[PDB]
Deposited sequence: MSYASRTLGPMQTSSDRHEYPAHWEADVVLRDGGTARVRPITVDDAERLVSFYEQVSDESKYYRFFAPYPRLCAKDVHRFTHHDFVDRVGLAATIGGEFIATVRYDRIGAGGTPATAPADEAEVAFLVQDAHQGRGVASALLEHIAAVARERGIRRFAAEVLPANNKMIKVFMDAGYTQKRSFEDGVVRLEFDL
């Protein structure tokens, strides 16, 4: 992958985190990270209880062609504190992110959204779409601030947010 996809980003507290592509070598890091995510945040990320990743998921979340699918991690001291990814659906892709609860509000989610957009623009993605549970207002606000707009909402209350790249 391009060298500029790995970069230090500035957090709101003035410190830094490393943003970088997730690689095939990151299975253990991903699993350790996921252990530190709250049940509530897991629910918001997968829309159902998902306490531990199945092996096929650990694989898919660490194996990317980096054209149709991209995953990035934010790290501090080598440890994952958040991930973001897109999946081409077309020149539209679904985006999702997940941050360890203890590191919310540090600017990590905002940086990851900016970075994944920048990568997408290089790989011919024209739009991002995200589905979010309506009560997850912390996540919705992250997307709003990143320039996403509510396109529609569904019977299950799920909101579809879109961002033109």
{"property": "Sequence ranges absent from the coordinates, based on the deposited chain and numbered from 1", "result": "1-19, 109-118"}
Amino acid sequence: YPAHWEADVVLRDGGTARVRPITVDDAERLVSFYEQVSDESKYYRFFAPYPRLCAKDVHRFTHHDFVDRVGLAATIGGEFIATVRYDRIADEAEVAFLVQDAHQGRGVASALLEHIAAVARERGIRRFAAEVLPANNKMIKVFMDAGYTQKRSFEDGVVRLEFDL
From here on, numbers count along this sequence of modelled residues.
| item | value |
| --- | --- |
| Per the entry, higher mean C-alpha B factor between 137-145 and 6-14 | 137-145 |
| Residue range whose averaged C-alpha B-factor is higher in the record, 120-128 or 64-72 | 120-128 |
| Given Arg29, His103, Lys42, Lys56, the residue at which the Cα B factor reaches its maximum | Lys56 |
